[PDB]
């Protein structure tokens, strides 16, 4: 894998951000993580939804460099969203969310699962510490 630069356009919610990537706007879905929802007519705002959303948002808005990392499998989903690991000044947003109890490790689809173990380790630590979703 390798990182490529992108520019923030808009944070959307906890696990979706809009970036400029190679000259075009693109919506990116964060690989391997599930955050509580802020929209979606179903329940609308699930618990910790607004918190994960503000966390993702502050982390990418305060960054001086954003990088995207595609995994080895498909790089877009059926909704045309890019599927990637997002880095803010060198720190993976996907792991930070999980480390803080603000996301769970998603259902995993090989071969898009390179950072699966790292993330499950951060999730177990957040569980032990009983943070946010785990309290």
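Here chain A follows Swiss-Prot for its numbers: 89-223, in order, are the residues you see.
Method reported for this entry: X-ray crystallography, 1.8 Å.
Cβ atoms here come from the backbone N, Cα and C positions, even for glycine.
Straight from Swiss-Prot, the features:
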BINDING   103, 122, 123  Ca(2+) binding site
ACT_SITE  117  active site
ACT_SITE  125  active site
ACT_SITE  169  active site
COMPBIAS  203-219  compositional bias 'Basic and acidic residues'
Query raised in the report: Looking at the recorded positions 103, 123, 125, which has the shortest Cα distance to residue 117 (active site)?
Result: 103
**Report entry** Remaining residues near the recorded Ca(2+) site, that is with C-beta within 8 Å of the centroid of the site residues 103, 122, 123
**Finding:** 102, 118, 121, 124, 140, 185, 191, 192, 194
Report task. Sort out the sequence-distant neighbours of residue 169 (active site) for me: same chain, 6+ apart, CB within less than 8 Å of its CB, listed by position. Result -> 104, 114, 115, 116, 117
Query raised in the report: What is the interatomic distance between the Cα atoms of residue 125 (active site) and residue 103 (Ca(2+) binding site), given in whole Å?
Result: 9
**Report entry** Chain-internal residues near residue 123 (Ca(2+) binding site), provided their CB is under 8 angstroms and they sit 6+ positions away
**Finding:** 101, 102, 103, 136, 137, 140, 141, 144, 185, 190, 191
Query raised in the report: Where does residue 122 (Ca(2+) binding site) sit in DSSP terms: helix, strand, or coil?
Result: strand
Report task. Just give the helix, strand and coil counts over the compositional bias 'Basic and acidic residues' (203-219), going by DSSP. Result -> 13 helix, 0 strand, 4 coil
Query - Same chain, 6+ residues apart, C-beta under 8 Å of the C-beta of residue 122 (Ca(2+) binding site), given in sequence order - result: 103, 191, 192, 193, 194
